[PDB]
Asks: 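Pasting a structure here, questions to come.
One-based numbering along the sequence shown.
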Amino acid sequence: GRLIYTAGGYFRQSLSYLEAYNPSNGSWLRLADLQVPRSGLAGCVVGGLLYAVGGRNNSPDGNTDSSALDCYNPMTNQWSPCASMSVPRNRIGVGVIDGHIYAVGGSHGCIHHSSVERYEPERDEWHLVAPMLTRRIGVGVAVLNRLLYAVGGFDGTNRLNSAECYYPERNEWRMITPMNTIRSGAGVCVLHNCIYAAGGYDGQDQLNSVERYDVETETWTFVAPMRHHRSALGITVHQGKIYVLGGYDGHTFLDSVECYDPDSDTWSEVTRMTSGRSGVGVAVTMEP
Ligand SMILES: O=C(O)CN(c1cccc(-n2ncc(C(=O)O)c2C2CC2)c1)S(=O)(=O)c1ccccc1
């Protein structure tokens, strides 16, 4: 569609913001708040509807991991609850295949999930599928050619450079080539025939480097780095360019939004969020 939606996130506490950015004119709209604050969620779109999945509500009076699935309709500017997942999943990743939402990994307290489940909007039902070979929280998830990829994360002991791919007709996960960088809390997306991994935390520093996996060659190659180091960033694709939103650079919760042009291999700053934040969910759909 036409707008980049950012939902939730964190600054001092988990946030309820829903704000939509219009690349064609630089404007930001503040829309209906989430019913429950959440950071560490993921966003996706199915059938023009925006979905917010998992996360946690970190507040002064609690830390509650979320199993929730909530649906925002831009025509109504209203959120509606959907069926909840089998388990809470903070620091989640999600991907959409053939109209179904895959929820991957994430945490529930000290439980680091390898489990994966699939939502069918037409039935308002979740079902578990085969689990990953690795437990992954802060996991980047992307879909390319109707295969599901889980990239990096944290397994409960180590941050990971490993990645793996889910083959739905076989209900099976297989490792792919590992990245050249350990990345947890990175932004992962697909552009053309490559899976991009931008930023994240490597155990020592937040990262500005960006690398992409070419599914034809099975190799990871670095591209131009972002202007800002960032972990727990939001990421999406809009008209053939990658947009990264917010995150944490080790000093500040960023309001910076950067845009990658793959033809020129350059990043530029395109706008600022209305306030700095990390751990947002991001997706693109029609204006409301
Ligand atoms: O949930 C939480 O603990 C916090 N948030 C969050 C959200 C998504 C992913 C990750 N994440 N997962 C594994 C690692 C890992 O350090 O290896 C991480 C972090 C990002 C590198 C965490 S946050 O509120 O947005 C937030 C982010 C940064 C600073 C303060 C708060």
Side-chain angles (χ1 to χ4, degrees), residues 1-11 15-35 37-39 41-53 70-80 94 96 142-143 186-192 194 196 198-199 208 210 212 223-230 232-249 252-288:
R2 288 197 291 272
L3 302 192
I4 294 175
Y5 286 80
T6 178
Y10 176 91
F11 175 71
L15 308 172
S16 307
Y17 308 149
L18 180 63
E19 297 173 318
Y21 171 73
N22 190 337
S24 73
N25 60 25
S27 72
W28 281 96
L29 282 187
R30 187 172 180 187
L31 299 172
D33 279 0
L34 291 155
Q35 288 178 345
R38 51 220 285 203
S39 50
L41 73 162
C44 66
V45 165
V46 183
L49 293 171
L50 174 66
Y51 291 84
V53 198
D70 298 284
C71 184
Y72 175 85
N73 184 350
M75 285 180 64
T76 63
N77 186 43
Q78 290 183 348
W79 290 94
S80 306
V94 306
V96 178
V143 173
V188 166
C189 67
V190 172
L191 188 58
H192 303 141
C194 293
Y196 284 73
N208 71 347
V210 182
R212 68 186 179 202
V223 299
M226 296 173 298
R227 291 163 98 80
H228 303 285
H229 299 241
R230 50 183 99 206
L233 57 153
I235 196 169
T236 199
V237 175
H238 174 99
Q239 305 217 329
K241 302 179 189 285
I242 301 172
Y243 289 76
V244 295
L245 294 83
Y248 181 69
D249 76 352
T252 304
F253 291 84
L254 294 177
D255 57 16
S256 163
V257 182
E258 292 183 63
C259 182
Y260 179 74
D261 177 347
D263 288 337
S264 62
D265 188 34
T266 56
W267 292 89
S268 57
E269 306 243 6
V270 292
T271 186
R272 298 170 64 184
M273 294 187 288
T274 61
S275 58
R277 68 192 77 152
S278 61
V280 307
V282 187
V284 178
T285 194
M286 64 177 283
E287 42 191 328

Asks: Specify the closest pair of heavy atoms between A52 and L41, including all atoms of both residues, with the distance to one decimal.
Replies: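 Smallest interatomic distance, heavy atoms only, reads CB-CD1, 3.8 Å.
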Asks: What distance separates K241 NZ from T266 OG1, expressed to the nearest 0.5 Å?
Replies: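 That separation rounds to 7.5 Å.
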Asks: If you measure from OH on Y10 to OG on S39, what distance do you get to the nearest 0.5 Å?
Replies: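 The OG atom of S39 is 7.5 Å from OH of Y10, to the nearest 0.5 Å.
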Asks: Is there a side chain to side chain contact (heavy atoms under 4.5 Å, CB included) between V257 and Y21 once you walk through the steps?
Replies: CA-CA 10 Å; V257 182; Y21 171 73; 5.6 Å; no
Asks: Quick check: do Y17 and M273 have side-chain heavy atoms less than 4.5 Å from each other?
Replies: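 Counting from C-beta outward, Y17 and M273 never come under 4.5 Å.
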Asks: Consider side-chain contact (heavy atoms from CB on, under 4.5 Å). Of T236, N22, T285, which one does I4 pass it with?
Replies: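 Output: one option passes, namely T236.
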Asks: What closest approach, in Å, do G48 and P74 show between heavy atoms, and which atom pair accounts for it?
Replies: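 The pair with the smallest heavy-atom distance is O-CD, 3.6 Å.
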Asks: For a side chain to side chain contact (heavy atoms under 4.5 Å, CB included) check, start with the C-alpha distance between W79 and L18, then their side-chain angles and the critical distance, and finish with the verdict.
Replies: CA-CA 10 Å; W79 290 94; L18 180 63; 3.8 Å; yes
Asks: Are any side-chain N or O atoms of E19 and backbone N or O atoms of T274, one a donor and one an acceptor, separated by less than 3.5 Å?
Replies: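 Flag not set: sc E19 to bb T274 has no pair under 3.5 Å.
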Asks: Identify the heavy atoms of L50 and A283 that sit nearest to each other, and give their distance.
Replies: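 Closest approach of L50 to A283, heavy atoms only: CD1-CB, 3.7 Å.
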Asks: Could you tell me the separation between the CD atom of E287 and the OG atom of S27, rounded to the nearest 0.5 Å?
Replies: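 Spacing of CD (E287) from OG (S27) equals 8.5 Å.
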Asks: Would you check if the side chain of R230 reaches a backbone N or O of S256 as a donor-acceptor pair within less than 3.5 Å?
Replies: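 A pair under 3.5 Å: yes.
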Asks: Nearest 0.5 Å, please: how far is CE in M75 from CG in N77?
Replies: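 Here the interatomic distance stands at 12.0 Å.
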Asks: So do the side chains of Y5 and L31 get within less than 4.5 Å of each other, counting heavy atoms only?
Replies: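 Side chain of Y5 against side chain of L31, heavy atoms only: contact under 4.5 Å found.
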Asks: In a check of side-chain contact (heavy atoms from CB on, under 4.5 Å) between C259 and each of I242, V270, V244, which one passes?
Replies: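 Of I242, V270, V244, side-chain contact (heavy atoms from CB on, under 4.5 Å) with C259 is met by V270 alone.
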Asks: Are any non-hydrogen side-chain atoms of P288 and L3 less than 4.5 angstrom apart?
Replies: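 Of all side-chain heavy-atom pairs linking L3 with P288, at least one is under 4.5 Å.
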Asks: Closest heavy-atom contact between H238 and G1?
Replies: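 Smallest heavy-atom distance, with atoms named: CE1-O, 4.4 Å.
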Asks: Considering all heavy atoms of both residues, which atom of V190 and which atom of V237 are nearest to each other, and what is their separation?
Replies: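 Closest pair (atom of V190, atom of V237, distance): O-CG2, 3.3 Å.
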Asks: If you measure from CD on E269 to CD on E258, what distance do you get to the nearest 0.5 Å?
Replies: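 Here the rounded value is 5.0 Å.
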Asks: What distance do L233 atom CG and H228 atom NE2 have between them, rounded to the nearest 0.5 Å?
Replies: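 Taking CG in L233 and NE2 in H228, the distance rounds to 12.0 Å.
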Asks: Evaluate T6 against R277 for side chain to side chain contact (heavy atoms under 4.5 Å, CB included), listing each step before the verdict.
Replies: CA-CA 10 Å; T6 178; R277 68 192 77 152; 4.0 Å; yes
Asks: In a check of side-chain contact (heavy atoms from CB on, under 4.5 Å) between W267 and each of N208, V210, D261, which one passes?
Replies: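 Passing option: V210.
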Asks: Give the C-alpha distance, both sets of side-chain angles, the deciding distance and a yes or no for side chain to side chain contact (heavy atoms under 4.5 Å, CB included) between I235 and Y260.
Replies: CA-CA 11 Å; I235 196 169; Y260 179 74; over 6 Å; no
Asks: Might you point out which heavy atoms bring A32 and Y72 nearest each other, and give the distance in Å?
Replies: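 Smallest heavy-atom distance, with atoms named: CB-CE1, 4.3 Å.
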Asks: Sequence neighbours left out, what passes side-chain hydrogen bond (donor to acceptor under 3.5 Å, both in side chains) with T252? Give chain and number order.
Replies: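 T252 satisfies side-chain hydrogen bond (donor to acceptor under 3.5 Å, both in side chains) with no other residue.
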Asks: Would you call the rings of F11 and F253 parallel, tilted or perpendicular, where under 30° means parallel and over 60° means perpendicular?
Replies: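 Answer is perpendicular, since the angle exceeds 60°.
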Asks: Do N73 side-chain atoms and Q78 backbone N/O form a donor-acceptor pair below 3.5 Å?
Replies: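 Flag not set: sc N73 to bb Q78 has no pair under 3.5 Å.
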